[PDB]
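What follows is a single chain, given as structure tokens, in the form deposited in one PDB entry.
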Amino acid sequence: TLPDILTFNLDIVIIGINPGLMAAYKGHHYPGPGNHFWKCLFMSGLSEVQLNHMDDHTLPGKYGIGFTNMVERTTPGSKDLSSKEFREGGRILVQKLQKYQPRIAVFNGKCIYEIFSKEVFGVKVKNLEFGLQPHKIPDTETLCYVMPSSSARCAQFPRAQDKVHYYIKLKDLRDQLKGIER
């Protein structure tokens, strides 16, 4: 099982379906170096240098970023999880975000949100795009922001430098949200 990385006062929280064999194994979030998470982060000026999964523990204090997932059971892939298993999941995730209250809940890939929505919000988001969504985290001021899966096991973009747009945008959205309190 893979450790959450959560503190108070976060800008961002990256949010997987649940940890995979590799990540269970290394004990850190997003080991590849195939997978694009860590490059995206560097690419987008979200991190000033280029880091890797070994540095995950530093992300809250130094970049105000943290990690977690709907499910905590570790499997090979989402296709191994029950519907049931996801319910108790986002139930427990809502409860976390109500506790930690970051500015923005960022979802890895349409897939995971698409669930959360027709679960937490009782609504099949039809025709979904990436980035800021209309609903806040229930009982919070936390935004949901949907991000193309960091997994290169994907159609596009996959390729770390085309998901950078969404990182830049996220980054700016963060930036916007700190000016509000001027």
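Only the largest set of C-alpha atoms that superpose within 1.5 Å between the two forms is called the rigid core. Numbering starts at 1 and follows the sequence shown.
If you average the C-alpha B-factors over 151-159 and over 111-119, the higher value belongs to 151-159.
With 161-169 and 19-27 compared on mean CA B-factor from the PDB entry, the stretch scoring higher is 161-169.
In this PDB entry, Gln176 carries a Cα temperature factor that places it within the highest third of its chain's modelled residues.
Split the chain's modelled residues into thirds by C-alpha temperature factor. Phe67 is in the lowest one. In the deposited entry, the Cα temperature factor of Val125 sits in the top third of values across the chain's modelled residues. Compared with the other modelled residues of the chain, the Cα B-factor recorded for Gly131 ranks in the middle third. Annotation for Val49: CA B-factor lies in the middle third of the chain's modelled residues.
The same protein has a further form, the form deposited in another entry, not shown here; the description that follows concerns it.
After superposing the rigid core, the Cα of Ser82 is displaced by 2 Å or more between this form and the one not shown.
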